[PDB]
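# Architecture and fold: a report
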Amino acid sequence: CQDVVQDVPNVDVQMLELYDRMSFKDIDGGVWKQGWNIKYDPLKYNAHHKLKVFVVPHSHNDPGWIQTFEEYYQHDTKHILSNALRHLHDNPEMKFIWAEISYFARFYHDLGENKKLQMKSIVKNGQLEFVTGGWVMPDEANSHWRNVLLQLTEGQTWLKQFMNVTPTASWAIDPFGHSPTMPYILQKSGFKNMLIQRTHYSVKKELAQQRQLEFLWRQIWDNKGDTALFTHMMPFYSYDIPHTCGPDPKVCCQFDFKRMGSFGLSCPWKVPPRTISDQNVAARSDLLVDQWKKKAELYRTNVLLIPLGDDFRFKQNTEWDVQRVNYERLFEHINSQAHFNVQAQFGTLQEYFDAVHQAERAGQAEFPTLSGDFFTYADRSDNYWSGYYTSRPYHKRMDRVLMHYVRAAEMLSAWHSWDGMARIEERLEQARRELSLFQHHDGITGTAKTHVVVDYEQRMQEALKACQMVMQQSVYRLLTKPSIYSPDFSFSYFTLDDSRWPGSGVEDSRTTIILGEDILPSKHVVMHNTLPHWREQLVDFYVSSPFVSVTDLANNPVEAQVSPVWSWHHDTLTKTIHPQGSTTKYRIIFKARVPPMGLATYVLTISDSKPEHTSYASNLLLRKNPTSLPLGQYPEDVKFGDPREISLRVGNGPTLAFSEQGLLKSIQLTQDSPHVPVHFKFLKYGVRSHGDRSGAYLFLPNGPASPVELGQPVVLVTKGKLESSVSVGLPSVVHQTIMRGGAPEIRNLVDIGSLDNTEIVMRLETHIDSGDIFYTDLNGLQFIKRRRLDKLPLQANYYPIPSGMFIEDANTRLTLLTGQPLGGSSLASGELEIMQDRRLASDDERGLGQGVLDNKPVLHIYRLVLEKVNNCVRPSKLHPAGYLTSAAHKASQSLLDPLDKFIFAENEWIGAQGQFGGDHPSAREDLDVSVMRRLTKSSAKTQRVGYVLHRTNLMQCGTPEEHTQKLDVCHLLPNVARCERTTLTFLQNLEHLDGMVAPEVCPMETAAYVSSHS
Ligand SMILES: *[C@@H]1O[C@H](CO)[C@@H](O)[C@H](O)[C@H]1NC(C)=O
Ligand SMILES: N[C@H]1S[C@H](CO)[C@@H](O)[C@H](O)[C@@H]1O
Ligand SMILES: [Zn+2]
């Protein structure tokens, strides 16, 4: 195993170092506005050294953006694919690349058999080539690596099954900024090459000057380079035709033959394309070849890539003809005129890369190595695309919830083979596809029109219901005596109970367990733990009486706490935000202990009076002018008082102090330690009154944030033996700090209501001497070092916070983990901040054609971990990565993959069992079974189950952390007959494993294994 902490990789380009050195001046470079006037030596190419030019036709098809997926499919994409089939079939030399498999699969299944055969033929023969092959071209900022893998696998599995092809070249021309998580997953999925486009215009200029636009992109901690993937970065402002033939768009636009008038398109530069004829072909070729040779100067080989396409292009037959015929005339002339020393032709993406590597092997070029990322993107001036790190936060949070439900549903149902009548595969396929579709760069990014966001939400809602059905049928089968088990596959044996989605104050969706002497004395509940290690976690349920006690299935009492059910109301009469308590529903909370990848059953029983093992929380409402708050049978009366500072401590955990406005002000780790200043504050950013306006994509603040005026907010303090909390009704946010004995959990119910042109930010102020350094994660996979640059505007210093961020000095670190991707930064030493929601009245000129005014209440969740790190073995000052501690990693897992809770629906569960998985190996804490998926239907004689294993890297800080078992996924199911290591998509076998044992992986590595069972 490579050491990912102590050896700083030596690479030719390290992006953080490059950023420290670059000046980012935005000067007018001439026709290439963000570059310079390229010059070339006409004698560079000659008869023995020609410039090979590959013109690659393409069509960017967004799976939803300004129309829904189905609307685009009906209006445009089905015509594009139908005409691509006809045109490629009839013109053997024409080529075309396709990226979005969600659309291709939709099209293909609707084709008649004769056309399906013609389509397979033009793919088999190389005319139509799939690039990447994912369900979509995903966002790379907000997406979790697990979902990037899910969608890649969804599209590639379909391609292998129906087209018999697996792409090894990736095409990502539109995500807004690029992440090294992509080459990481692709290189472990059989890929050999990738292409990217949206990178800061200053980065394009810098790399073009050094001919470093093609590089071997390795991970920031990779000393040896085994994770390296050849990458091609396009050089210009857009992938459209005007910005892909060369540096001068006024000239390139003349070679987009769809722009002469009849198609309703024209050239902004005021010079239109002209049909190629024998009389103008030499002058036209003169111009085009000169653009090509200038573009070729930016690269190292004599093989040149010229994409030819734009959004939803190649729709009409007439368009296919106008582009193909004109380009064929240009190729015939150019290739026959020796003085140009060029051989041009239509080609595919793979053809381009194969030729580039042939040149490389002939010793024609050596490529630089590079590590780092390409955030935050700016396409021009100060227009940094950091707004979409937060836009439509409700769906960004929904993404993480569905991410977990898909994993749990696939894992719970993988243990058994299911009759087709159970519709398990059917429901899982729908769930994977709707979550995969949302990974699109206009989905999770929050950059689609309102009705499209609604479509993605509805799709995700159906996917969550599909996951619930599969999960509850699985639980019933796993915990019922086999000879008693009698399933109705349409019946709901259990209802899922999720205390954080949609969340209290977002949707009253949770069911109350109704108990009563005259109706039902007890209820079974079951918890699932998808993580491969024993786990304890407090769980809560709503119940109809405060007199309830908990037992496990051996009837051992389990300590529990009952608290009221508090709901906050923006009182339109008193103009205050205050909580109301239920007089008929209560919350029962207790510690569940669940086996690795297992289940544990408990029973809640009512009694006529206070149970021996259940305690009741006290409640204190702080506000002037209080009114009574009755709580039905709840045994402790609510107490009142004027606002005042508060201090709380649960168990032996930290002691937290709060201001009289209910916000954290300090954390004391142990009884004797200092009360470390850690203050939460809410602020607001506005929009510029002159100049460019912020919108769904762009964050263009009118200066640093201003504090939100708090007034005299109502603060609710609930103190219990197992859980305490301080909640406060702030304008636009009910902020809650929850304590259960470790790092607190923070929940924000964010309702920006009608506050136009406002972005609400949550900031932490500490005295940690972090200076200009902070860390944020990339796709929940790795933490990368960031350096605040005052030479760049505020919005350029915002980065994606897909799952966590932290600041530290020599002794202290503060880490904020998230349950949803949002944008954030550290704008001053000792600070961390993360945007909660943004409501923007204006469109930001990127094509969406609307502002963001469809905000809805969202419950954002976090864990806040303050720790001493002076004893931790950290990377050196020059290392570009950072790593979490064990506590911070477990806190992240508590947010993204909590225990799942199931409530038995009927009155009696006959044949119920108390536990499942007690014999599953409890793996080391840094190892996770990211995916467990049965790959075969029940009719397969040989069953196959796939596993994706990921080991993160946690800092060594002096904790002995011992006793754990080796996890061999190939022996999790009985009767194993074969164990193979495969690509991460499970599509290719890489290694036949000895003894059918799957070796665990190294820190920061991810491997996939498939076990076969007889
Ligand atoms: C599928 O994969 C390769 C294509 O080159 C070939 O060996 C095989 O015969 C192809 N035919 C199938 C399985 O449809
Ligand atoms: N070409 C881009 S423009 C818009 C960005 O400006 C993007 O969000 C869409 O996904 C399109 O496909
Ligand atoms: Zn797009």
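Residues numbered from 1 in each chain as written, not as in the entry; some residues may be left out. Chains lettered and ligands numbered in written order. Heavy atoms only, no water.

## A word on the site of ligand 2
- Looking at ligand 2, there are 13 residues lining it, with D62, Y239, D442, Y697 and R846 nearest.
- Side-chain polar atom of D311 to a nitrogen atom of ligand 2: 3.0 Å apart, as the coordinates give it.
- One of the backbone N or O atoms of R846 is found 2.7 Å from an oxygen atom in ligand 2.
- For the shell around ligand 2, a count of residues per class yields 5 nonpolar, 2 polar and 6 charged.
- Built from parts of two domains, the shell around ligand 2 gets at least three residues from each of domain 1 (1–381) and domain 2 (382–492). (Near = heavy atom within 4 Å. Polar contact = N/O pair within 3.5 Å; in protein donor to acceptor, adjacent residues only side chain to side chain. Nonpolar A, V, L, I, M, F, W, Y, C, P; charged D, E, K, R; others polar. Domains from an automatic or database assignment.)

## Remarks on the sheet that holds strand β7 (residues 214–217)
- Across the sheet, 6 strands lie side by side as β1-β11-β7-β8-β6-β5; this open sheet has mixed pairing. Edge positions in the sheet fall to β1 (13–14) and β5 (169–172), since each of these pairs with one other strand and no more.
- Relative to strand β8 (residues 229–233), β7 runs antiparallel, the two being bridged by 4 bridges. Bridged to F215 within β8 is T231. (Pairing = 2+ DSSP bridges. Helix = DSSP H or I, 4+ residues; strand = E, 2+ residues; numbered from the N terminus.)

## Side note on empty space enclosed by the protein
- This structure, assessed with the given rule, holds 9 cavities of 30 Å³ or more.
- When its volume is computed, the largest cavity comes out at roughly 390 Å³.
- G780, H889, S892, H950 and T952 are the residues nearest the centre of the largest cavity, which is lined by 28 residues in total.
- For the lining of the largest cavity, the secondary structure elements donating two or more residues are α5 (145–163), β35 (782–787), β42 (881–882), α15 (886–896) and β45 (927–934).
- With 4 residues, α15 is the single largest residue contributor to the lining of the largest cavity.
- Considering only residue class, the lining of the largest cavity consists of 12 nonpolar, 12 polar and 4 charged. (1 Å grid on protein atoms, 1.4 Å probe; cavity = no way out; pocket = protein on both sides within 12 Å on 5 of 7 lines; lining within 4 Å. Points joined across faces, edges and corners; volume = space filled by probe spheres on them.)

## Some words on the coordination of the zinc ion (ligand 3)
- Each protein donor to the zinc ion (ligand 3) is listed here as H60 (NE2), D62 (OD), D174 (OD) and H441 (NE2); together their distances run 2.1 to 2.2 Å.
- Viewed at the metal, the 6 donor atoms of the zinc ion (ligand 3) are separated by angles of 73 to 172 degrees, and the geometry they form is octahedral.
- Mapping the donors of the zinc ion (ligand 3) onto the primary sequence yields the spacing H-x1-D-x111-D-x266-H.
- The exposure class of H60 is buried, given its relative accessible area of 2%.
- Overall, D62 belongs to the buried group, its relative accessible area being 2%. (Donors = N, O, S within 2.8 Å, 3.2 Å for Na, K, Ca; no water. Tetrahedral: all angles 85-135°; square planar, octahedral: opposite > 155°, others 65-115°. Buried < 20%, exposed > 50% of the residue type's maximum accessible area, 1.4 Å probe, protein only.)

## Concerning the packing of aromatic side chains
- Applying the stated criterion to the full structure yields 54 aromatic pairs.
- Pairing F96 with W320 gives two aromatic rings, centres 5.1 Å apart and planes at 65 degrees, and the pair type is edge-to-face. Of this pair, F96 sits in strand β3 (residues 96–98) while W320 sits in helix α10 (residues 317–336); the two residues are 224 residues apart in sequence, bridging distant segments of the chain. An identical accessibility class is assigned to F96 and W320; each is buried.
- Ring centres of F104 and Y108 lie 6.4 Å apart, and the angle between their planes is 20 degrees; this geometry places the pair in the stacked category. Residue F104 and its partner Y108 are both found in helix α3 (residues 101–110); the two are separated by 4 residues, about one turn of the helix. Taken individually, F104 and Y108 each receive the classification buried, so the pair is uniform in this respect.
- Positioned over the ring face of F541 is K901, at 5.2 Å from the centre of the ring. (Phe/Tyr/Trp six-rings, centres within 6.5 Å; stacked < 30°, edge-to-face > 60°. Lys NZ or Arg CZ within 6 Å of the ring centre and 35° of its normal.)

## Let's talk about the pairing of strand β25 (residues 655–658)
- Residue alternation in β25 divides its side chains into two sets, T655 and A657 and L656 and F658, and both sets are buried.
- Across 4 bridges, the pairing between strand β24 (residues 646–649) and β25 is antiparallel. Considered in β25, the bridge of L648 is made with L656.
- The turn linking β24 back onto β25 is made up of 5 residues, and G651 within it adopts a positive phi angle of 55 degrees.
- Where β25 lies against strand β26 (residues 664–668), 4 bridges are found, and the strand directions are antiparallel.

## Digging into the state of the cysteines
- The full count for this structure, using the stated rule, is 5 disulfides.
- Through a disulfide, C1 is tied to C1002; the S-S separation comes to 2.0 Å. Judged by the torsion about the S-S bond (-85 degrees), the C1/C1002 disulfide is left-handed. Residue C1 is found in the segment before β1, and its partner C1002 is found in the loop between β48 (989–992) and β49 (1006–1013); the two are separated by 1001 residues along the sequence.
- Residue classification places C1 among the exposed positions, given a relative accessible area of 74%. (Disulfide = S-S within 2.5 Å.)

## Brief notes about the UniProt feature "active site" in the chain
- As annotated by UniProt and renumbered to match this structure, "active site" occupies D174.
- Turning to its location among the elements, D174 is positioned in the loop between β5 and α6 (181–187).
- Look at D174 and you get buried, because its relative accessible area is 6%.
- Once residues lying within four places of it in the same chain are set aside, the contact partners of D174 are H60, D62, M137, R198, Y239 and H441.
- Reaching out from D174, the side chain makes a polar contact with the side chain of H60 at a distance of 3.2 Å. (UniProt positions renumbered as here; feature names shortened; annotations may be inferred. Contact = heavy atoms within 4.5 Å.)

## Some thoughts on the pairing of strand β39 (residues 822–825)
- Residues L822 and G824 of β39 are buried on one face, and the alternating residues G823 and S825, pointing to the opposite face, are buried as well.
- For strand β36 (residues 799–801) and β39, the ladder comprises 3 bridges, and the chain directions are antiparallel. In the strand pairing of β39, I801 is matched with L822.
- As paired strands, β39 and strand β40 (residues 831–839) are joined by 2 bridges and run antiparallel to one another. Among the inter-strand pairings, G824 is bridged to a residue of β40, identified as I834.
- Hairpin connection, β39 to β40: the antiparallel pair is bridged by 5 residues, and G830 has positive phi, about 85 degrees.

## Section: the nonpolar core
- Core analysis: the biggest nonpolar cluster contains 243 residues, and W98, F104, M119, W292, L864 and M932 have the highest contact counts within it.
- Here this core gets 13 residues from one element, more than from any other, and that element is helix α14 (residues 450–478).
- Judged by nonpolar contacts, the second largest core, of 51 residues, contains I588, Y616, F806 and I861. (Core = buried A, V, L, I, M, F, W, Y, C linked by side-chain atoms within 4.5 Å.)

## Points about unusual backbone geometry
- Cis rather than trans, the peptide bond between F375 and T376 has omega equal to 0 degrees.
- With respect to the element layout, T376 can be found in the loop between β11 (369–371) and α12 (393–414).
- Here the bond from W501 into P502 is cis, since omega is 0 degrees, no more than 30 degrees from zero.
- In this fold, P502 is placed in the loop between β12 (494–496) and β13 (512–513).
- For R211, which is not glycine, the phi torsion reads 50 degrees and is therefore positive.
- Mapped onto the secondary structure, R211 falls in the loop between α7 (201–209) and β7.
- Located in the positive-phi region is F986, a residue other than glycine, with phi close to 70 degrees.

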